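What's in my_file.pdb: PDB, C-alpha atoms
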ATOM      1  CA  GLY M   1      32.838  91.317  75.442
ATOM      2  CA  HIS M   2      32.725  87.523  76.091
ATOM      3  CA  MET M   3      30.662  86.822  79.265
ATOM      4  CA  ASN M   4      28.716  88.901  81.850
ATOM      5  CA  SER M   5      26.698  88.206  85.025
ATOM      6  CA  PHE M   6      23.240  87.332  83.522
ATOM      7  CA  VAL M   7      22.337  90.702  81.933
ATOM      8  CA  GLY M   8      22.827  90.308  78.145
ATOM      9  CA  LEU M   9      22.683  86.462  77.945
ATOM     10  CA  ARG M  10      20.292  84.662  75.570
ATOM     11  CA  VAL M  11      18.407  82.157  77.796
ATOM     12  CA  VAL M  12      14.942  80.531  78.144
ATOM     13  CA  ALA M  13      12.551  81.831  80.859
ATOM     14  CA  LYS M  14       9.040  81.067  82.174
ATOM     15  CA  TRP M  15       6.329  83.486  81.168
ATOM     16  CA  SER M  16       3.883  84.287  84.018
ATOM     17  CA  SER M  17       0.254  83.077  84.567
ATOM     18  CA  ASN M  18       1.756  79.533  84.749
ATOM     19  CA  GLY M  19       3.084  79.743  81.159
ATOM     20  CA  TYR M  20       5.636  77.811  79.083
ATOM     21  CA  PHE M  21       9.372  78.533  78.995
ATOM     22  CA  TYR M  22       9.983  80.920  76.051
ATOM     23  CA  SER M  23      13.346  82.078  74.633
ATOM     24  CA  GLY M  24      14.589  85.549  75.689
ATOM     25  CA  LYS M  25      17.468  87.860  76.661
ATOM     26  CA  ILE M  26      18.132  89.058  80.223
ATOM     27  CA  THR M  27      17.724  92.862  80.236
ATOM     28  CA  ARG M  28      18.366  93.721  83.912
ATOM     29  CA  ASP M  29      18.578  92.065  87.365
ATOM     30  CA  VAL M  30      15.338  93.487  88.803
ATOM     31  CA  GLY M  31      16.328  92.354  92.330
ATOM     32  CA  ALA M  32      15.870  89.552  94.916
ATOM     33  CA  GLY M  33      16.571  86.980  92.111
ATOM     34  CA  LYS M  34      14.067  88.490  89.622
ATOM     35  CA  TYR M  35      15.659  89.278  86.263
ATOM     36  CA  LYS M  36      13.686  91.055  83.535
ATOM     37  CA  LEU M  37      13.560  89.123  80.281
ATOM     38  CA  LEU M  38      13.140  90.511  76.789
ATOM     39  CA  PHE M  39      11.484  87.469  75.240
ATOM     40  CA  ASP M  40      12.608  86.929  71.608
ATOM     41  CA  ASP M  41       9.087  87.939  70.408
ATOM     42  CA  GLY M  42       9.730  91.433  71.923
ATOM     43  CA  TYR M  43       7.758  91.059  75.199
ATOM     44  CA  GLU M  44       9.230  92.148  78.585
ATOM     45  CA  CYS M  45       8.288  90.800  82.060
ATOM     46  CA  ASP M  46      10.221  89.856  85.247
ATOM     47  CA  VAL M  47      11.103  86.256  86.082
ATOM     48  CA  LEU M  48      12.801  84.659  89.089
ATOM     49  CA  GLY M  49      16.190  82.931  88.690
ATOM     50  CA  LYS M  50      14.596  79.552  89.547
ATOM     51  CA  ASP M  51      12.530  79.949  86.353
ATOM     52  CA  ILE M  52      15.378  80.819  83.874
ATOM     53  CA  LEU M  53      17.485  78.259  81.928
ATOM     54  CA  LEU M  54      20.753  79.891  80.764
ATOM     55  CA  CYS M  55      22.765  77.072  79.133
ATOM     56  CA  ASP M  56      19.905  75.601  77.076
ATOM     57  CA  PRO M  57      20.751  75.111  73.355
ATOM     58  CA  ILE M  58      17.850  72.616  72.925
ATOM     59  CA  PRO M  59      19.435  69.111  73.088
ATOM     60  CA  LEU M  60      18.632  66.730  70.233
ATOM     61  CA  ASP M  61      15.938  64.167  71.242
ATOM     62  CA  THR M  62      14.377  66.756  73.623
ATOM     63  CA  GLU M  63      10.607  67.056  73.164
ATOM     64  CA  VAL M  64       9.641  70.669  72.419
ATOM     65  CA  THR M  65       6.774  72.816  71.211
ATOM     66  CA  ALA M  66       7.208  74.041  67.628
ATOM     67  CA  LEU M  67       5.768  77.542  67.110
ATOM     68  CA  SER M  68       5.203  79.150  63.730
ATOM     69  CA  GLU M  69       5.752  82.780  64.849
ATOM     70  CA  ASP M  70       2.273  83.919  63.689
ATOM     71  CA  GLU M  71       0.867  81.585  66.482
ATOM     72  CA  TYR M  72       0.433  78.017  65.060
ATOM     73  CA  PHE M  73       1.162  75.619  67.939
ATOM     74  CA  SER M  74       2.240  71.951  67.886
ATOM     75  CA  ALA M  75       4.922  69.729  69.553
ATOM     76  CA  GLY M  76       7.644  67.339  68.312
ATOM     77  CA  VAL M  77      11.340  66.488  68.959
ATOM     78  CA  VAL M  78      14.671  68.055  67.965
ATOM     79  CA  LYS M  79      16.474  65.737  65.466
ATOM     80  CA  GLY M  80      18.931  68.277  63.936
ATOM     81  CA  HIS M  81      20.550  71.765  64.078
ATOM     82  CA  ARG M  82      21.399  74.563  61.610
ATOM     83  CA  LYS M  83      22.888  78.067  61.734
ATOM     84  CA  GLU M  84      21.454  80.537  59.186
ATOM     85  CA  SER M  85      21.465  84.373  59.040
ATOM     86  CA  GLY M  86      23.706  84.182  62.170
ATOM     87  CA  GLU M  87      20.769  82.646  64.131
ATOM     88  CA  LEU M  88      20.070  79.168  65.570
ATOM     89  CA  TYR M  89      17.733  76.581  63.998
ATOM     90  CA  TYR M  90      16.514  73.070  64.813
ATOM     91  CA  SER M  91      15.089  70.346  62.604
ATOM     92  CA  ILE M  92      12.066  69.401  64.667
ATOM     93  CA  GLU M  93      10.672  66.051  63.554
ATOM     94  CA  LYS M  94       7.018  67.086  63.878
ATOM     95  CA  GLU M  95       3.967  65.159  62.549
ATOM     96  CA  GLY M  96       6.456  62.670  61.014
ATOM     97  CA  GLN M  97       8.287  65.336  58.922
ATOM     98  CA  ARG M  98      11.636  67.130  59.474
ATOM     99  CA  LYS M  99      10.735  70.840  59.717
ATOM    100  CA  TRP M 100      13.100  73.759  60.407
ATOM    101  CA  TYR M 101      12.097  75.997  63.345
ATOM    102  CA  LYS M 102      14.241  78.720  65.071
ATOM    103  CA  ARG M 103      15.095  79.048  68.847
ATOM    104  CA  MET M 104      12.053  81.196  69.741
ATOM    105  CA  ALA M 105       9.857  78.837  67.659
ATOM    106  CA  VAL M 106      11.381  75.863  69.589
ATOM    107  CA  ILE M 107      10.042  76.413  73.087
ATOM    108  CA  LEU M 108       9.794  74.179  76.137
ATOM    109  CA  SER M 109       6.400  73.396  77.624
ATOM    110  CA  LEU M 110       6.844  73.769  81.433
ATOM    111  CA  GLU M 111       6.814  69.960  82.012
ATOM    112  CA  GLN M 112       9.604  69.553  79.385
ATOM    113  CA  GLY M 113      11.517  72.614  80.711
ATOM    114  CA  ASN M 114      11.472  71.136  84.258
ATOM    115  CA  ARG M 115      13.827  68.338  83.025
ATOM    116  CA  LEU M 116      16.411  71.110  82.313
ATOM    117  CA  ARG M 117      15.576  73.455  85.281
ATOM    118  CA  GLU M 118      17.318  70.995  87.617
ATOM    119  CA  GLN M 119      20.670  71.805  85.851
ATOM    120  CA  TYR M 120      20.298  75.071  83.865
ATOM    121  CA  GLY M 121      18.192  76.879  86.511
ATOM    122  CA  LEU M 122      19.911  80.107  87.672
ATOM    123  CA  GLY M 123      18.246  79.660  91.056
TER     124      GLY M 123
ATOM    125  CA  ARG L   1       3.931  97.633  64.707
ATOM    126  CA  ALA L   2       5.285  94.113  65.495
ATOM    127  CA  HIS L   3       4.513  90.508  64.460
ATOM    128  CA  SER L   4       1.530  88.486  65.800
ATOM    129  CA  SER L   5       0.745  87.208  69.352
ATOM    130  CA  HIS L   6       3.131  84.185  69.045
ATOM    131  CA  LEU L   7       1.932  81.844  71.817
ATOM    132  CA  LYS L   8       0.790  83.003  75.264
ATOM    133  CA  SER L   9       0.121  79.715  77.072
ATOM    134  CA  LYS L  10      -2.148  81.420  79.698
ATOM    135  CA  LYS L  11      -5.045  80.522  77.297
ATOM    136  CA  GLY L  12      -5.422  78.107  74.349
ATOM    137  CA  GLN L  13      -5.069  79.373  70.729
ATOM    138  CA  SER L  14      -6.740  76.398  68.883
ATOM    139  CA  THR L  15      -4.374  75.616  65.962
TER     140      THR L  15
END
Please rewrite the model in this file as structure tokens.
Amino acid sequence: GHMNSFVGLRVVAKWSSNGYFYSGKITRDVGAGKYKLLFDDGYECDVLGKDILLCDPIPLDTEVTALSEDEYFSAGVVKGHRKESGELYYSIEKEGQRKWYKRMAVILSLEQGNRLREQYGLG
Amino acid sequence: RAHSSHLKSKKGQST
């Protein structure tokens, strides 16, 4: 394997009820441009191609929400990268400290994610 | 069993 049409790719996707863009994995093309997304936290819902960002390793200087996986919510900016346990990490400068968070803990509030939807949007 | 609710932006979670 190397590449496939959507299904299998790690991407970011909008969660419903006008939610933020969370990290996930495309599980199946539901149809009509809906693709079902296994969010990295284990959740599964369908999302339209317009609302999925597939070439989104979070750029440095991008503003993002930092998310301690238990639920603790804040926002900050990417100012570094790491790879650990074969998984992707970001030094978010958050409350004036450099703090390591992982992809699914570095999410894009919809307003932030819009600035990438214009390029990385499937639809 | 799985980990906690993470964030579900449909409502606030008051950090």
* Kindly resolve the PyMOL selection byres ((chain L) within 6 of (chain M)) on the present coordinates and return the residues as an NGL selection string. => :L and (4 or 6-7 or 9-10 or 15)
Would you write out those residues with C-alpha atoms, as a compact mmCIF listing (two decimals), keeping the file's coordinate frame?
# COMPACT_ATOMS: atom_id res chain seq x y z
CA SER L 4 1.53 88.49 65.80
CA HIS L 6 3.13 84.18 69.04
CA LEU L 7 1.93 81.84 71.82
CA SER L 9 0.12 79.72 77.07
CA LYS L 10 -2.15 81.42 79.70
CA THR L 15 -4.37 75.62 65.96
* Neighbours of residue 81 of chain M within 12 Å (all atoms listed in the file; same-chain residues fewer than 2 positions away dropped), as a PyMOL selection string? -> chain M and resi 57-61+77-79+83-84+87-93+98-103+106
Create the file for the chosen residues now, containing C-alpha atoms and written as an mmCIF file, keeping the file's coordinate frame.
data_model
loop_
_atom_site.group_PDB
_atom_site.id
_atom_site.type_symbol
_atom_site.label_atom_id
_atom_site.label_comp_id
_atom_site.auth_asym_id
_atom_site.auth_seq_id
_atom_site.Cartn_x
_atom_site.Cartn_y
_atom_site.Cartn_z
ATOM 1 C CA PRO M 57 20.751 75.111 73.355
ATOM 2 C CA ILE M 58 17.850 72.616 72.925
ATOM 3 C CA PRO M 59 19.435 69.111 73.088
ATOM 4 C CA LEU M 60 18.632 66.730 70.233
ATOM 5 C CA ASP M 61 15.938 64.167 71.242
ATOM 6 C CA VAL M 77 11.340 66.488 68.959
ATOM 7 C CA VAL M 78 14.671 68.055 67.965
ATOM 8 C CA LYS M 79 16.474 65.737 65.466
ATOM 9 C CA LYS M 83 22.888 78.067 61.734
ATOM 10 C CA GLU M 84 21.454 80.537 59.186
ATOM 11 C CA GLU M 87 20.769 82.646 64.131
ATOM 12 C CA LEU M 88 20.070 79.168 65.570
ATOM 13 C CA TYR M 89 17.733 76.581 63.998
ATOM 14 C CA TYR M 90 16.514 73.070 64.813
ATOM 15 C CA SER M 91 15.089 70.346 62.604
ATOM 16 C CA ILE M 92 12.066 69.401 64.667
ATOM 17 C CA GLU M 93 10.672 66.051 63.554
ATOM 18 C CA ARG M 98 11.636 67.130 59.474
ATOM 19 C CA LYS M 99 10.735 70.840 59.717
ATOM 20 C CA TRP M 100 13.100 73.759 60.407
ATOM 21 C CA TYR M 101 12.097 75.997 63.345
ATOM 22 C CA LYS M 102 14.241 78.720 65.071
ATOM 23 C CA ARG M 103 15.095 79.048 68.847
ATOM 24 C CA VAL M 106 11.381 75.863 69.589
#
* Asked: To one decimal place, how far is atom CA of residue 4 of chain M from atom CA of residue 2 of chain L in Å?
  ->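 Those two atoms sit 29.0 Å apart.
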* Asked: Which distance in Å separates atom CA of residue 49 of chain M and atom CA of residue 123 of chain M, to one decimal?
  ->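 Interatomic distance here is 4.5 Å.
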* **Å distance separating atom CA of residue 14 of chain M from atom CA of residue 48 of chain M, one decimal place** =>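 Straight-line distance from atom CA of residue 14 of chain M to atom CA of residue 48 of chain M works out to 8.7 Å.
If you count all atoms listed in the file and ignore residues fewer than 3 places along the chain from residue 9 of chain M, what sits within 6 Å of it is residues 6, 25 and 26 of chain M.
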* Which polymer residues, protein or nucleic acid, are no farther than 12 Å from (21.0, 82.3, 80.1), counting all atoms listed in the file, as a ChimeraX atom specification? -> /M:3-13,22-27,35-39,49-57,117,119-123
* Asked: Can you list, as a list in words, every protein, DNA or RNA residue that comes within 7 Å of residue 76 of chain M when you count only C-alpha atoms, leaving out same-chain residues fewer than 4 positions away?
  ->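 The filter keeps residues 63, 64, 65, 66, 92, 93 and 94 of chain M.
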